[PDB]
file structure.cif (mmCIF, C-alpha atoms and all ligand atoms)
data_my_file
#
loop_
_atom_site.label_atom_id
_atom_site.label_comp_id
_atom_site.auth_asym_id
_atom_site.auth_seq_id
_atom_site.Cartn_x
_atom_site.Cartn_y
_atom_site.Cartn_z
CA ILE A 1 -53.59 -32.32 4.05
CA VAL A 2 -55.52 -30.21 1.52
CA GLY A 3 -54.35 -26.62 0.88
CA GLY A 4 -51.29 -26.96 3.10
CA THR A 5 -47.58 -26.33 2.71
CA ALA A 6 -44.40 -28.25 3.49
CA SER A 7 -43.37 -28.31 7.13
CA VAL A 8 -39.94 -27.29 8.36
CA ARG A 9 -37.85 -30.12 9.76
CA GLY A 10 -38.33 -30.26 13.56
CA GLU A 11 -41.31 -27.89 13.66
CA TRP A 12 -43.82 -30.62 14.70
CA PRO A 13 -41.55 -32.86 16.83
CA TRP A 14 -44.50 -34.68 18.46
CA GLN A 15 -45.76 -35.84 15.03
CA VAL A 16 -45.11 -39.51 14.24
CA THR A 17 -45.87 -41.68 11.21
CA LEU A 18 -47.33 -45.05 12.17
CA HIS A 19 -46.57 -47.76 9.62
CA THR A 20 -47.96 -51.23 9.01
CA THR A 21 -45.64 -53.88 7.52
CA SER A 22 -48.55 -55.93 6.11
CA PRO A 23 -48.58 -56.90 3.25
CA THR A 24 -45.68 -54.57 2.48
CA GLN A 25 -44.61 -51.54 4.49
CA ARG A 26 -46.67 -48.36 4.21
CA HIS A 27 -47.83 -45.28 6.21
CA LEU A 28 -51.07 -46.09 8.07
CA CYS A 29 -51.80 -43.06 10.28
CA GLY A 30 -50.46 -40.03 12.09
CA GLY A 31 -50.05 -39.92 15.87
CA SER A 32 -48.61 -37.72 18.62
CA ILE A 33 -45.87 -38.34 21.18
CA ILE A 34 -47.43 -37.57 24.58
CA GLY A 35 -45.00 -39.46 26.85
CA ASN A 36 -41.70 -41.43 26.62
CA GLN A 37 -43.53 -44.68 25.87
CA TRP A 38 -46.85 -43.34 24.57
CA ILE A 39 -48.36 -42.29 21.26
CA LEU A 40 -51.86 -40.82 21.12
CA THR A 41 -53.75 -41.60 17.90
CA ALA A 42 -57.20 -42.56 16.50
CA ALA A 43 -58.95 -45.83 17.33
CA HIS A 44 -60.18 -46.27 13.71
CA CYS A 45 -56.54 -46.69 12.57
CA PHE A 46 -56.59 -50.27 13.87
CA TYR A 47 -59.49 -51.58 11.82
CA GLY A 48 -58.45 -55.11 10.88
CA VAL A 49 -55.17 -54.91 12.83
CA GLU A 50 -54.97 -58.20 14.74
CA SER A 51 -51.58 -57.80 16.43
CA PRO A 52 -49.29 -54.88 17.38
CA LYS A 53 -46.43 -56.90 15.78
CA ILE A 54 -47.16 -55.46 12.32
CA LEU A 55 -46.84 -51.83 13.56
CA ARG A 56 -43.82 -49.53 13.43
CA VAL A 57 -43.70 -45.99 14.83
CA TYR A 58 -41.22 -43.58 13.24
CA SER A 59 -40.40 -40.30 14.99
CA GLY A 60 -38.36 -37.31 13.83
CA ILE A 61 -39.44 -37.84 10.23
CA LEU A 62 -40.06 -35.00 7.78
CA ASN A 63 -40.04 -37.00 4.54
CA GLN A 64 -41.34 -40.54 4.07
CA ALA A 65 -38.22 -41.03 1.88
CA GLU A 66 -36.17 -41.02 5.14
CA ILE A 67 -37.75 -44.35 6.02
CA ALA A 68 -35.87 -47.32 4.60
CA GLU A 69 -35.32 -50.94 5.72
CA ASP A 70 -32.32 -49.70 7.75
CA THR A 71 -34.21 -46.85 9.49
CA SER A 72 -34.69 -47.25 13.24
CA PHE A 73 -38.25 -47.36 14.63
CA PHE A 74 -40.25 -48.04 17.79
CA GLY A 75 -42.07 -51.34 18.14
CA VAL A 76 -45.55 -51.31 19.61
CA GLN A 77 -46.11 -53.43 22.70
CA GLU A 78 -49.81 -52.72 23.19
CA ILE A 79 -52.72 -51.07 21.38
CA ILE A 80 -55.23 -49.53 23.80
CA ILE A 81 -58.56 -48.55 22.24
CA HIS A 82 -61.29 -46.70 24.18
CA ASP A 83 -63.82 -49.35 25.31
CA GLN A 84 -66.71 -47.14 24.15
CA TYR A 85 -65.30 -46.80 20.62
CA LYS A 86 -67.43 -48.28 17.84
CA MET A 87 -66.53 -46.14 14.83
CA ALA A 88 -65.04 -42.70 14.06
CA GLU A 89 -68.30 -40.87 13.32
CA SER A 90 -69.94 -41.78 16.69
CA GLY A 91 -66.99 -40.56 18.77
CA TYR A 92 -64.56 -42.09 21.27
CA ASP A 93 -62.08 -42.19 18.36
CA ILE A 94 -59.00 -42.38 20.56
CA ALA A 95 -56.24 -44.90 21.09
CA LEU A 96 -52.94 -45.24 22.89
CA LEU A 97 -49.90 -47.08 21.57
CA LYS A 98 -47.55 -48.33 24.26
CA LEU A 99 -44.07 -48.55 22.73
CA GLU A 100 -41.66 -51.46 23.30
CA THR A 101 -38.86 -48.98 24.11
CA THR A 102 -38.75 -45.36 25.26
CA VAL A 103 -38.28 -42.28 23.07
CA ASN A 104 -35.11 -40.32 23.84
CA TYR A 105 -36.24 -36.71 23.53
CA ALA A 106 -34.37 -34.19 21.37
CA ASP A 107 -35.36 -31.30 19.11
CA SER A 108 -36.27 -33.83 16.37
CA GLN A 109 -38.67 -35.68 18.70
CA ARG A 110 -40.43 -34.60 21.88
CA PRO A 111 -43.86 -34.64 23.49
CA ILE A 112 -46.78 -32.26 23.06
CA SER A 113 -48.62 -31.10 26.20
CA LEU A 114 -52.17 -32.35 26.70
CA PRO A 115 -54.79 -29.65 27.24
CA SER A 116 -55.77 -28.62 30.76
CA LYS A 117 -59.42 -28.89 31.85
CA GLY A 118 -58.95 -25.19 32.76
CA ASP A 119 -58.25 -24.40 29.07
CA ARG A 120 -61.84 -25.32 27.99
CA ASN A 121 -62.61 -21.56 27.90
CA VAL A 122 -59.48 -20.48 25.99
CA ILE A 123 -60.10 -19.12 22.48
CA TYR A 124 -57.40 -20.68 20.30
CA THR A 125 -56.71 -18.71 17.12
CA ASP A 126 -53.46 -20.45 16.09
CA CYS A 127 -54.39 -24.09 15.36
CA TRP A 128 -52.66 -26.33 12.82
CA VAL A 129 -53.41 -29.76 11.34
CA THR A 130 -50.47 -31.78 10.02
CA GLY A 131 -49.81 -35.02 8.14
CA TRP A 132 -48.69 -37.03 5.13
CA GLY A 133 -52.26 -37.56 3.85
CA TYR A 134 -53.92 -36.88 0.51
CA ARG A 135 -53.97 -33.37 -0.97
CA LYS A 136 -57.43 -34.17 -2.38
CA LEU A 137 -60.03 -36.88 -1.74
CA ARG A 138 -58.69 -38.90 -4.69
CA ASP A 139 -54.89 -38.74 -4.31
CA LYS A 140 -52.06 -40.53 -2.45
CA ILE A 141 -49.69 -40.35 0.54
CA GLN A 142 -47.30 -37.39 0.38
CA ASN A 143 -43.54 -37.52 0.87
CA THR A 144 -43.17 -34.28 2.90
CA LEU A 145 -45.12 -33.60 6.12
CA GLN A 146 -47.75 -30.94 5.32
CA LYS A 147 -49.26 -28.30 7.57
CA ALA A 148 -52.37 -26.12 7.39
CA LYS A 149 -53.62 -23.41 9.70
CA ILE A 150 -57.34 -23.83 10.30
CA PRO A 151 -59.81 -22.06 12.60
CA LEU A 152 -61.82 -23.92 15.20
CA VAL A 153 -65.60 -23.66 14.81
CA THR A 154 -68.21 -23.92 17.57
CA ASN A 155 -69.94 -27.23 18.10
CA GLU A 156 -73.27 -25.47 17.33
CA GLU A 157 -71.85 -24.38 13.95
CA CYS A 158 -70.36 -27.81 13.31
CA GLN A 159 -73.71 -29.48 14.11
CA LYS A 160 -75.50 -27.31 11.48
CA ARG A 161 -73.00 -28.65 8.90
CA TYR A 162 -73.53 -32.34 9.86
CA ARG A 163 -77.31 -32.70 10.30
CA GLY A 164 -77.25 -36.50 9.85
CA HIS A 165 -74.72 -36.81 12.70
CA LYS A 166 -74.56 -35.99 16.39
CA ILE A 167 -71.61 -33.66 17.03
CA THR A 168 -71.00 -34.19 20.75
CA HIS A 169 -68.94 -32.13 23.21
CA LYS A 170 -66.35 -34.93 22.97
CA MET A 171 -65.73 -33.78 19.39
CA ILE A 172 -64.22 -30.55 18.14
CA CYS A 173 -64.39 -29.11 14.64
CA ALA A 174 -62.11 -26.97 12.50
CA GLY A 175 -62.46 -25.53 9.01
CA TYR A 176 -63.17 -22.50 6.82
CA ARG A 177 -66.72 -21.82 5.68
CA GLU A 178 -65.43 -21.64 2.10
CA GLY A 179 -63.40 -24.87 2.56
CA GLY A 180 -60.01 -25.21 0.90
CA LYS A 181 -57.91 -26.35 3.89
CA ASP A 182 -58.54 -29.63 5.77
CA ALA A 183 -57.25 -33.03 6.81
CA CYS A 184 -57.81 -35.89 4.34
CA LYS A 185 -57.13 -39.62 3.95
CA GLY A 186 -53.84 -40.62 5.59
CA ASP A 187 -53.88 -37.71 8.06
CA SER A 188 -56.11 -39.44 10.60
CA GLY A 189 -54.69 -40.09 14.06
CA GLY A 190 -52.39 -37.04 13.80
CA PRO A 191 -52.61 -33.88 15.89
CA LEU A 192 -54.59 -30.73 15.72
CA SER A 193 -52.02 -28.55 17.50
CA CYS A 194 -52.93 -25.15 18.92
CA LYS A 195 -50.43 -22.57 20.19
CA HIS A 196 -51.48 -20.23 23.01
CA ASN A 197 -49.19 -18.16 25.28
CA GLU A 198 -46.10 -19.61 23.54
CA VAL A 199 -47.20 -23.19 24.45
CA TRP A 200 -48.51 -25.90 22.09
CA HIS A 201 -51.39 -28.10 23.22
CA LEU A 202 -52.82 -31.24 21.65
CA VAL A 203 -56.37 -29.98 21.14
CA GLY A 204 -57.61 -32.55 18.64
CA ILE A 205 -56.99 -35.90 16.98
CA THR A 206 -57.77 -36.01 13.26
CA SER A 207 -60.86 -38.23 13.03
CA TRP A 208 -63.32 -37.76 10.12
CA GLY A 209 -65.16 -35.42 7.78
CA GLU A 210 -67.42 -35.50 4.73
CA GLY A 211 -64.88 -35.46 1.92
CA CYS A 212 -61.83 -33.19 2.24
CA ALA A 213 -61.84 -29.38 2.46
CA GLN A 214 -65.35 -29.01 1.08
CA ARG A 215 -67.32 -25.79 1.57
CA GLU A 216 -69.34 -25.87 4.87
CA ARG A 217 -67.91 -29.26 5.91
CA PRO A 218 -65.50 -28.72 8.86
CA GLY A 219 -63.02 -31.42 9.80
CA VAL A 220 -64.12 -33.37 12.86
CA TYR A 221 -61.56 -34.12 15.61
CA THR A 222 -61.53 -36.00 18.89
CA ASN A 223 -61.73 -33.34 21.63
CA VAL A 224 -58.67 -34.38 23.61
CA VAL A 225 -59.45 -32.38 26.80
CA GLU A 226 -62.46 -34.71 27.31
CA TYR A 227 -60.08 -37.69 27.56
CA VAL A 228 -57.34 -36.49 29.96
CA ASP A 229 -58.74 -38.70 32.79
CA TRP A 230 -58.94 -41.68 30.42
CA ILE A 231 -55.34 -41.10 29.26
CA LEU A 232 -54.13 -40.91 32.86
CA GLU A 233 -56.03 -44.08 33.81
CA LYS A 234 -54.74 -46.06 30.82
CA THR A 235 -51.11 -44.92 31.03
CA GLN A 236 -50.88 -45.84 34.77
CA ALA A 237 -48.78 -48.87 35.67
CA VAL A 238 -50.22 -52.28 36.59
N1 LIG B 301 -61.61 -33.81 7.39
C1 LIG B 301 -61.33 -35.16 7.27
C2 LIG B 301 -60.64 -35.85 8.30
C3 LIG B 301 -60.38 -37.19 8.13
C4 LIG B 301 -60.83 -37.81 6.92
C5 LIG B 301 -60.62 -39.18 6.66
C6 LIG B 301 -59.87 -39.98 7.68
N2 LIG B 301 -59.65 -41.35 7.25
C7 LIG B 301 -58.42 -41.80 6.90
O1 LIG B 301 -57.44 -41.09 6.96
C8 LIG B 301 -58.27 -43.24 6.51
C9 LIG B 301 -58.36 -44.00 7.85
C10 LIG B 301 -58.35 -45.51 7.73
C11 LIG B 301 -57.35 -46.24 8.38
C12 LIG B 301 -57.33 -47.63 8.29
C13 LIG B 301 -58.33 -48.29 7.57
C14 LIG B 301 -59.34 -47.58 6.93
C15 LIG B 301 -59.35 -46.19 7.02
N3 LIG B 301 -56.95 -43.55 5.98
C16 LIG B 301 -56.73 -43.86 4.68
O2 LIG B 301 -57.65 -43.90 3.88
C17 LIG B 301 -55.35 -44.24 4.25
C18 LIG B 301 -54.35 -44.45 5.22
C19 LIG B 301 -53.08 -44.84 4.86
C20 LIG B 301 -52.75 -45.03 3.52
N4 LIG B 301 -51.49 -45.44 3.12
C21 LIG B 301 -51.19 -45.70 1.82
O3 LIG B 301 -50.06 -46.09 1.52
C22 LIG B 301 -52.16 -45.50 0.80
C23 LIG B 301 -53.42 -45.06 1.11
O4 LIG B 301 -54.37 -44.84 0.16
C24 LIG B 301 -53.76 -44.83 2.53
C25 LIG B 301 -55.06 -44.45 2.90
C26 LIG B 301 -61.06 -39.74 5.49
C27 LIG B 301 -61.75 -38.98 4.53
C28 LIG B 301 -61.99 -37.65 4.74
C29 LIG B 301 -61.53 -37.05 5.94
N5 LIG B 301 -61.74 -35.75 6.17
#
call {"tool": "encode", "arguments": {"input": "structure.cif", "output": "structure tokens"}}
result
Amino acid sequence: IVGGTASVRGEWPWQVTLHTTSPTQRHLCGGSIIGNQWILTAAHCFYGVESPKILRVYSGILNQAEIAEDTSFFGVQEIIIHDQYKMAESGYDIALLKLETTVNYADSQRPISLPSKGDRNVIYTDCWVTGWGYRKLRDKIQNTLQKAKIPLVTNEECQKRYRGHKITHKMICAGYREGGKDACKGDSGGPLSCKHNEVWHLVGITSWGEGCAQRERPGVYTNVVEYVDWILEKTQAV
């Protein structure tokens, strides 16, 4: 996160850090608890990942320093990537992780509500992007979970800023015209969380952008409301 500040412990209890153990253990991506056995994240996080056996999901983490060999984690039983996904910049950048065991909810770890199709008209003015990513395009993973308040922009405005791309209605953008605050490398897969009427909703999934926090280059997020039917379909038992 560029231009952000340290989070308070427990203030983003749906935020997880997804690790890979290969070749040695490191943070791979953010993600969001959306159900007792389900993390919502970005499809691009699994580039080159051949098996869910190398993944570990840590919840209730503020500092990466909390994670040691003796720290408990959730195994991943299944990675579910949208079947239309090709790459982050052309959309469908959404994935579900089915955990091997269930999360026991507490104030350190609990789910975020998915948006309602009826909330498509709501004007959110209290949106935050969070993660352990770079503070600048050339940087490194941060110890403490960072947060930044960023305004949503219209898809028409976002499209003007990305003329070589197609910004679809299945994407949503956020950023300041002057730049300065944004997601960056290592933040992808995490939430864009918007508070409205005292309730948090998972509005976006951190997906891509041109550089980090640049002037007139909004962050691009997966527009989660467009995938509520997909999420229901994929999280249904078989
Ligand atoms: N406004 C935005 C939003 C997202 C942006 C992204 C997202 N990509 C990303 O966040 C990419 C995604 C990725 C995942 C797996 C394989 C390849 C790429 N992630 C990373 O580049 C990434 C992830 C985990 C890491 N852990 C480490 O220990 C050290 C790293 O250097 C490291 C880098 C990148 C650049 C600008 C952005 N601007």
call {"tool": "closest_residue", "arguments": {"input": "structure.cif", "among": "A:174, A:183, A:194, A:202", "to": "ligand LIG 301 (chain B)", "atoms": "all atoms listed in the file"}}
result
A:183
call {"tool": "closest_residue", "arguments": {"input": "structure.cif", "among": "A:134, A:172, A:83, A:181", "to": "residue A:158", "atoms": "all atoms listed in the file"}}
result
A:172
call {"tool": "residues_near_ligand", "arguments": {"input": "structure.cif", "ligand": "ligand LIG 301 (chain B)", "cutoff": "6 Å", "atoms": "all atoms listed in the file", "output": "ChimeraX atom specification"}}
result
/A:26-29,45,47,140-141,182-188,206-212,219
call {"tool": "residues_around", "arguments": {"input": "structure.cif", "residues": "residue A:36", "least_positions_apart": "3", "cutoff": "8 Å", "atoms": "all atoms listed in the file", "output": "list in words"}}
result
residues 33, 102, 103, 104, 105 and 111 of chain A
call {"tool": "closest_residue", "arguments": {"input": "structure.cif", "among": "A:238, A:96, A:61, A:6", "to": "residue A:78", "atoms": "all atoms listed in the file"}}
result
A:96
call {"tool": "residues_near_point", "arguments": {"input": "structure.cif", "point": "(-65.0, -29.6, 14.8)", "cutoff": "9 Å", "atoms": "only C-alpha atoms", "output": "list in words"}}
result
residues 152, 153, 154, 155, 157, 158, 159, 167, 171, 172, 173, 174, 175, 204, 218, 219, 220, 221, 222 and 223 of chain A
call {"tool": "atom_distance", "arguments": {"input": "structure.cif", "atom1": "atom CA of residue A:1", "atom2": "atom CA of residue A:128"}}
result
10.7 Å
call {"tool": "atom_distance", "arguments": {"input": "structure.cif", "atom1": "atom CA of residue A:65", "atom2": "atom CA of residue A:214"}}
result
29.7 Å
call {"tool": "closest_residue", "arguments": {"input": "structure.cif", "among": "A:129, A:149, A:213, A:97", "to": "residue A:191", "atoms": "only C-alpha atoms"}}
result
A:129
call {"tool": "residues_around", "arguments": {"input": "structure.cif", "residues": "residue A:40", "least_positions_apart": "2", "cutoff": "12 Å", "atoms": "all atoms listed in the file", "output": "ChimeraX atom specification"}}
result
/A:14-18,29-38,42-43,45,57,79-82,93-99,111-114,188-192,202-206,222,224,227-228,230-232,234-235
call {"tool": "write_last_selection", "arguments": {"input": "structure.cif", "atoms": "C-alpha atoms", "output": "mmCIF file, in the coordinates of the input"}}
result
data_model
loop_
_atom_site.group_PDB
_atom_site.id
_atom_site.type_symbol
_atom_site.label_atom_id
_atom_site.label_comp_id
_atom_site.auth_asym_id
_atom_site.auth_seq_id
_atom_site.Cartn_x
_atom_site.Cartn_y
_atom_site.Cartn_z
ATOM 1 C CA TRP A 14 -44.500 -34.680 18.460
ATOM 2 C CA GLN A 15 -45.760 -35.840 15.030
ATOM 3 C CA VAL A 16 -45.110 -39.510 14.240
ATOM 4 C CA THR A 17 -45.870 -41.680 11.210
ATOM 5 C CA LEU A 18 -47.330 -45.050 12.170
ATOM 6 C CA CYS A 29 -51.800 -43.060 10.280
ATOM 7 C CA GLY A 30 -50.460 -40.030 12.090
ATOM 8 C CA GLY A 31 -50.050 -39.920 15.870
ATOM 9 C CA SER A 32 -48.610 -37.720 18.620
ATOM 10 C CA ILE A 33 -45.870 -38.340 21.180
ATOM 11 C CA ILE A 34 -47.430 -37.570 24.580
ATOM 12 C CA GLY A 35 -45.000 -39.460 26.850
ATOM 13 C CA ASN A 36 -41.700 -41.430 26.620
ATOM 14 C CA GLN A 37 -43.530 -44.680 25.870
ATOM 15 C CA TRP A 38 -46.850 -43.340 24.570
ATOM 16 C CA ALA A 42 -57.200 -42.560 16.500
ATOM 17 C CA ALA A 43 -58.950 -45.830 17.330
ATOM 18 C CA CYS A 45 -56.540 -46.690 12.570
ATOM 19 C CA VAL A 57 -43.700 -45.990 14.830
ATOM 20 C CA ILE A 79 -52.720 -51.070 21.380
ATOM 21 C CA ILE A 80 -55.230 -49.530 23.800
ATOM 22 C CA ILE A 81 -58.560 -48.550 22.240
ATOM 23 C CA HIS A 82 -61.290 -46.700 24.180
ATOM 24 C CA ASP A 93 -62.080 -42.190 18.360
ATOM 25 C CA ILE A 94 -59.000 -42.380 20.560
ATOM 26 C CA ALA A 95 -56.240 -44.900 21.090
ATOM 27 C CA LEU A 96 -52.940 -45.240 22.890
ATOM 28 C CA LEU A 97 -49.900 -47.080 21.570
ATOM 29 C CA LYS A 98 -47.550 -48.330 24.260
ATOM 30 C CA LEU A 99 -44.070 -48.550 22.730
ATOM 31 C CA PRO A 111 -43.860 -34.640 23.490
ATOM 32 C CA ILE A 112 -46.780 -32.260 23.060
ATOM 33 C CA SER A 113 -48.620 -31.100 26.200
ATOM 34 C CA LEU A 114 -52.170 -32.350 26.700
ATOM 35 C CA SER A 188 -56.110 -39.440 10.600
ATOM 36 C CA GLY A 189 -54.690 -40.090 14.060
ATOM 37 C CA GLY A 190 -52.390 -37.040 13.800
ATOM 38 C CA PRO A 191 -52.610 -33.880 15.890
ATOM 39 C CA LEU A 192 -54.590 -30.730 15.720
ATOM 40 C CA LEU A 202 -52.820 -31.240 21.650
ATOM 41 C CA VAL A 203 -56.370 -29.980 21.140
ATOM 42 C CA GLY A 204 -57.610 -32.550 18.640
ATOM 43 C CA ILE A 205 -56.990 -35.900 16.980
ATOM 44 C CA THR A 206 -57.770 -36.010 13.260
ATOM 45 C CA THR A 222 -61.530 -36.000 18.890
ATOM 46 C CA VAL A 224 -58.670 -34.380 23.610
ATOM 47 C CA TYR A 227 -60.080 -37.690 27.560
ATOM 48 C CA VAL A 228 -57.340 -36.490 29.960
ATOM 49 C CA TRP A 230 -58.940 -41.680 30.420
ATOM 50 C CA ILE A 231 -55.340 -41.100 29.260
ATOM 51 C CA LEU A 232 -54.130 -40.910 32.860
ATOM 52 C CA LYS A 234 -54.740 -46.060 30.820
ATOM 53 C CA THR A 235 -51.110 -44.920 31.030
#
call {"tool": "atom_distance", "arguments": {"input": "structure.cif", "atom1": "atom CA of residue A:143", "atom2": "atom CA of residue A:55"}}
result
19.4 Å
call {"tool": "decode", "arguments": {"input": "structure.cif", "residues": "stretch 37-51 of chain A", "atoms": "N, CA, C and O atoms", "output": "compact mmCIF listing (two decimals), in the first residue's frame"}}
result
# COMPACT_ATOMS: atom_id res chain seq x y z
N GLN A 37 -15.39 -21.51 5.49
CA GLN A 37 -14.47 -22.33 4.73
C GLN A 37 -13.98 -21.64 3.45
O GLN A 37 -13.41 -22.29 2.58
N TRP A 38 -14.20 -20.34 3.32
CA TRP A 38 -14.02 -19.67 2.03
C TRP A 38 -13.28 -18.36 2.08
O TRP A 38 -13.70 -17.44 2.78
N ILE A 39 -12.22 -18.27 1.29
CA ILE A 39 -11.49 -17.02 1.09
C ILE A 39 -11.73 -16.55 -0.33
O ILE A 39 -11.60 -17.34 -1.27
N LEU A 40 -12.07 -15.26 -0.49
CA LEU A 40 -12.17 -14.66 -1.82
C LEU A 40 -10.88 -13.88 -2.12
O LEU A 40 -10.41 -13.10 -1.29
N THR A 41 -10.32 -14.12 -3.29
CA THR A 41 -9.04 -13.52 -3.66
C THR A 41 -8.96 -13.33 -5.19
O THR A 41 -9.99 -13.42 -5.88
N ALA A 42 -7.78 -13.01 -5.71
CA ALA A 42 -7.60 -12.80 -7.16
C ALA A 42 -7.08 -14.05 -7.85
O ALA A 42 -6.23 -14.75 -7.32
N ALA A 43 -7.62 -14.33 -9.02
CA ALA A 43 -7.19 -15.46 -9.83
C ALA A 43 -5.70 -15.39 -10.20
O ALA A 43 -5.02 -16.42 -10.26
N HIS A 44 -5.18 -14.18 -10.45
CA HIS A 44 -3.78 -14.06 -10.92
C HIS A 44 -2.76 -14.49 -9.86
O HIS A 44 -1.59 -14.74 -10.18
N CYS A 45 -3.19 -14.57 -8.61
CA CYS A 45 -2.33 -15.02 -7.51
C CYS A 45 -1.82 -16.45 -7.68
O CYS A 45 -0.86 -16.83 -7.02
N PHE A 46 -2.45 -17.23 -8.54
CA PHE A 46 -2.11 -18.64 -8.68
C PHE A 46 -1.31 -18.97 -9.93
O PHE A 46 -1.18 -20.14 -10.31
N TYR A 47 -0.76 -17.94 -10.55
CA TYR A 47 0.10 -18.13 -11.70
C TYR A 47 1.22 -19.07 -11.29
O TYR A 47 1.94 -18.80 -10.34
N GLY A 48 1.35 -20.18 -11.99
CA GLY A 48 2.42 -21.14 -11.70
C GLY A 48 2.19 -22.03 -10.49
O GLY A 48 3.05 -22.87 -10.18
N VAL A 49 1.06 -21.88 -9.79
CA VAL A 49 0.77 -22.69 -8.61
C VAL A 49 0.12 -23.98 -9.10
O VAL A 49 -0.97 -23.94 -9.65
N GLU A 50 0.80 -25.11 -8.92
CA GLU A 50 0.33 -26.37 -9.49
C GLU A 50 -0.57 -27.16 -8.55
O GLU A 50 -1.40 -27.94 -9.00
N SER A 51 -0.40 -26.95 -7.25
CA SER A 51 -1.16 -27.68 -6.24
C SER A 51 -1.53 -26.74 -5.08
O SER A 51 -0.75 -25.86 -4.72
